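The sequence shown lines up with residues 2 to 298, 308 to 473, 479 to 585 when you count with the authors' numbering. All residues carry an ideal CB built from backbone N, CA and C; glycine is no exception. Here's the structure we're looking at; comments come further down.
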Amino acid sequence: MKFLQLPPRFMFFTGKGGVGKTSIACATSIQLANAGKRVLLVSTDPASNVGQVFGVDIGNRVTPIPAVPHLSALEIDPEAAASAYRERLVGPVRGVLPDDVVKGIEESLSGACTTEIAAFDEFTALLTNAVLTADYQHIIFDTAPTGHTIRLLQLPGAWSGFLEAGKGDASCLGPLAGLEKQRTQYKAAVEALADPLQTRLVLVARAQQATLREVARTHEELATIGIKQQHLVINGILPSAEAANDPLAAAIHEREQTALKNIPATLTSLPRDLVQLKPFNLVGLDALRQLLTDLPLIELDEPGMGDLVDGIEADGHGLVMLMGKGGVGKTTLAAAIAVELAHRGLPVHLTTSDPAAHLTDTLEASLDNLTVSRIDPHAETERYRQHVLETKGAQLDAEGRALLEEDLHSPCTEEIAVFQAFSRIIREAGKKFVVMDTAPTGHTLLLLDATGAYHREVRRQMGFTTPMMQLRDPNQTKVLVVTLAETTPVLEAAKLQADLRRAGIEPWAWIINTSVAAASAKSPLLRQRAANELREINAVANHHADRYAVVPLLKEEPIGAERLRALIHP
Ligand SMILES: Nc1ncnc2c1ncn2[C@@H]1O[C@H](COP(=O)(O)OP(=O)(O)OP(=O)(O)O)[C@@H](O)[C@H]1O
Ligand SMILES: Nc1ncnc2c1ncn2[C@@H]1O[C@H](COP(=O)(O)OP(=O)(O)OP(=O)(O)O)[C@@H](O)[C@H]1O
Ligand SMILES: [As]
Ligand SMILES: [Mg+2]
Ligand SMILES: [Mg+2]
């Protein structure tokens, strides 16, 4: 592998959801650890699959992997990091001062800004602090889908700029934040990210046009930020030998070859590596030790997705949130549902809270009765700033208004603006269908505001029912959990369902999308994949889900109104 030659200290793995970031990260960390180096595999994804891949319980603590010596693992959980940050800030001042002031500080540190800054502080502490990670020669960062990994990588520069612009009194974080001490750490993280000799950025993708476009956009933005040298990995390439004497495999191979030959011009210069498709899930050391190296070489009748759309229509109005793991087909299924509902003569609003929206790509047309929209972080941040200035800024004097605007310029207000837009869009589901494609599980769970941190942060600025009061009502919401027939996707879907039920939301249905089992595959590799997928399909049908639909692996990517509406009614 080209990206494994003379690796720098750090190695990020960024790309669209479900492209193989975690699999490649684990394989590379295992390879380096076996080579003799001491590696630390950090997972910045809030919903990390590292523990499920290695079969070890990994939390917000550096836990060695017993199976492979010299390798340690870490998962940056935002909640645990926020709790540790709050403890560090409050415990030293507890007892000395009365309970009133200390509890006030605790309440002021209980917002979403505190969680975000705690996770970011842990990330930059890993990046910069040499003593903390001196024992590890390599740190392998396995990131979430690029929609939020780009934000994470931009956060050091944004915070350094905010602090260097004479802004040390962000009232969102509270007076006890003391960000002035972390200015040097933020600048060091920025320098490390922009130094090709210290950090290597690997852009994982697939032989699909959407993933390659996403990686091209990510490469453009990250090159703008300051990362110089980047590599490219194309995961999940069907071997050419499988395309013989098989319609589905031949179509997939033709599409993937066409995608490779039309790689974006910006990514044509990056050093490229190709990882084939394997007849097994990449879970465990046995499967992970043969991921980066080329391998030396069913009658399923499940419920369709038409029943789900019929049930959704029967209500006549409400919200339909397509949650699930990244890369499972949330956008495609949301677009298909919206297109089918609009084609029936009903008013539909199709929205996407993903910071990297892919709605206009999967729709490609202005359908009748369908209103497409997205939660653009920058526009929402603007709108939030003007709203706060108009509401609260009227009373303040000129100097107070300027100070309030400088406070609102802090990077963390973007997430509160996004939450405000999300709540406003949800409030529109009382009279018309609102199909909301979501981001991956890790950040969507934070967006739902189960703990009320976002609501507290909003009402602190003083600029009405919470979103949870609607997602908890089965009569005006439907949370469809989209998963694949694979091990890790089903495990993460079950974890998402458990979290939702803990929060009070009962998912309406499950969708096993792009299952080779549903389709008829004759190549040995795809037959092995279907055989492996049968067990997960059975698990989802019997245990996890009482209402579900199975969508096969279409031989042509569903794009446009016609293809999107075809998978609803095969
Ligand atoms: N039934 C299907 N048959 C074949 N390909 C499919 C099918 N459903 C989805 N795909 C492919 O899955 C790819 C994944 O992109 P998609 O937007 O659907 O996923 P997502 O879960 O929204 O991703 P992200 O986590 O990156 O936001 C799409 O490019 C589409 O080509
Ligand atoms: N080369 C490959 N061959 C076969 N299966 C693969 C390959 N690469 C990845 N997979 C499968 O992809 C599934 C999802 O990949 P992975 O766990 O790497 O997701 P991810 O990129 O971390 O996504 P997310 O951002 O949604 O967490 C895994 O179950 C693994 O089985
Ligand atoms: As803030
Ligand atoms: Mg991952
Ligand atoms: Mg999507």
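Inclusion of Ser24 and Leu283 in the CB contact set at 9 Å is warranted, their separation being smaller than that value. A residue is called buried once 16 or more other Cβ atoms fall within 10 Å of its Cβ, and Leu198, having fewer, is exposed. Counted as a single uninterrupted DSSP element, the beta strand (DSSP E) harbouring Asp447 occupies residues 443 to 447.
The stretch 544 to 585 is shown to contain whole beta strand (DSSP E) runs of 3 or more residues at 563 to 567, in chain order. For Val428, the enclosing alpha helix (DSSP H) stretches over residues 423 to 436. At a Cβ-Cβ threshold of 9 Å, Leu127 and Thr116 do not count as neighbours. Under the Cβ criterion (8 Å, minimum of three pairs), the stretch 376 to 385 counts as touching the stretch 351 to 367.
Pairing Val205 with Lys22 gives a Cβ-Cβ distance under 9 Å.
Taking one beta carbon from each stretch, the stretch 207 to 220 and the stretch 183 to 190 have fewer than 3 pairs nearer than 8 Å; the two do not touch. With a 10 Å radius around the Cβ and a threshold of 16 neighbouring Cβ atoms, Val97 comes out exposed. In the structure shown, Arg393 adopts helical secondary structure according to DSSP, grouped into three states. Distance from the C-beta of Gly314 to the nearest heavy atom of ligand 5 is not below 8 Å. Residue state for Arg207 is assigned as strand, using DSSP reduced to three classes.
In the DSSP annotation of this structure, the continuous segment of the alpha helix (DSSP H) that includes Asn35 starts and ends at 22 to 36. Annotated as distal: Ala554 and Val497, with beta-carbon spacing of 9 Å or more.
At least 9 Å separates the beta-carbon of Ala82 from that of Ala113.
If you check the C-beta of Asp274 against ligand 2, you find no heavy atom less than 8 Å away. Around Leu418, the same chain offers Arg395, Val398 as residues with beta carbons nearer than 7 Å, after the five sequence neighbours per side are excluded.
Cβ contact annotation for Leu275 (same chain, cutoff 6 Å, sequence separation greater than five): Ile235, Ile238, in chain order. DSSP, reduced to helix, strand and coil, places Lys182 within a helical segment of the structure shown. Taking the CA atoms as reference points, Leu213 sits about 13 Å from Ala366.
Checking the 8 Å criterion, the Cβ of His453 is out of range of every heavy atom belonging to ligand 5.
Non-local C-beta neighbours of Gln138 in its own chain, meaning closer than 6 Å and more than five positions away in sequence, comprise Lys38, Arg39, ordered along the chain.
Bridge partners of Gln277 according to DSSP: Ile238.
Put simply, the backbone Cα of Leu233 is about 26 Å away from that of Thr502. In the structure shown, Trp523 falls within a coil segment according to DSSP collapsed to helix, strand and coil. Closest in C-alpha terms to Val358, from the list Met331, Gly60, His327, comes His327.
Under the 8 Å Cβ criterion, the stretch 327 to 342 counts as touching the stretch 440 to 448, having at least three qualifying pairs. Taking 9 Å as the cut-off, the beta carbon of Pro522 is found no closer than this to the beta carbon of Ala346.
Only exposed fits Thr269, as fewer than 16 other CB atoms lie within 10 angstroms of its CB. Taken from the Cβ of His368, at least one heavy atom of ligand 5 lies inside 8 Å. For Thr150, the enclosing alpha helix (DSSP H) covers residues 147 to 165. With contacts defined as CB atoms closer than 9 Å, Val531 and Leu568 qualify as a contacting pair.
Of the other Cβ atoms in all chains shown, fewer than 16 fall within 10 Å of the Cβ of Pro585; this residue is therefore exposed. For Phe13, the enclosing beta strand (DSSP E) has its first and last residue at 11 to 15.
For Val63, the CB contacts under 6 Å within the same chain, skipping 5 residues up- and downstream, are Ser73, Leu75 in chain order.
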